[PDB]
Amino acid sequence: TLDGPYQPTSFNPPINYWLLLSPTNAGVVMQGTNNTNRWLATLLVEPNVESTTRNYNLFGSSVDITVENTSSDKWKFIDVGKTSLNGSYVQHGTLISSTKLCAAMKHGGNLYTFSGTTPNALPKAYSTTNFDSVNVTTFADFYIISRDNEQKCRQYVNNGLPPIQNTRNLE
């Protein structure tokens, strides 16, 4: 099977698969909802950004969110979520990254993302509800990696993708 890249799309990912996103621009990298109690997204902020309110298109709504990135040279992914249709978005985990890659996976009812600072970022779980039915819309090219191959996804998130579109053959 070919892990990617695949172009931006919407689907409801099966459990036990990492989605590895390779965004080009700051903004909304991906979003997802179960239409009941979770509306989630990952934001990307470029290096060297003072506290500033930016507009983000989340599920078609214009949402103002105050962000910052005090890293002088690394990009910052920010996990955000709300827990009701009209609730406020809250910022949770962050990933400080020199590779510009982030990832998410549904497993065991939890939603895993990477957090920390590359090259030592690790998957951490969100477990405030059962996330198995949350879908995704990606706004960047992405790769699909099984949990059985989680070590590949950790390696890419922390150290970068290969220089050729052959991740299928490269570990």
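Note that residue numbering begins at 1 and tracks the sequence as displayed.
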{"item": "Residue stretch of maximal mean CA temperature factor, 161-169 vs 1-9", "value": "161-169"}
{"item": "Residue range whose averaged C-alpha B-factor is higher in the record, 37-45 or 107-115", "value": "107-115"}
{"item": "Largest Cα B-factor, entry values, listed residues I78, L101, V90, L85", "value": "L85"}
{"item": "Ranked against its chain, the third holding the CA B-factor of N69", "value": "lowest"}
{"item": "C153, C-alpha B-factor rank within chain (lowest, middle or highest third)", "value": "highest"}
{"item": "Assigned third (lowest, middle, highest) for the C-alpha B factor of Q31", "value": "lowest"}
{"item": "Position of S61 among the chain's modelled residues by C-alpha B-factor, lowest, middle or highest third", "value": "middle"}
{"item": "Third of chain Cα B-factors occupied by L122", "value": "highest"}
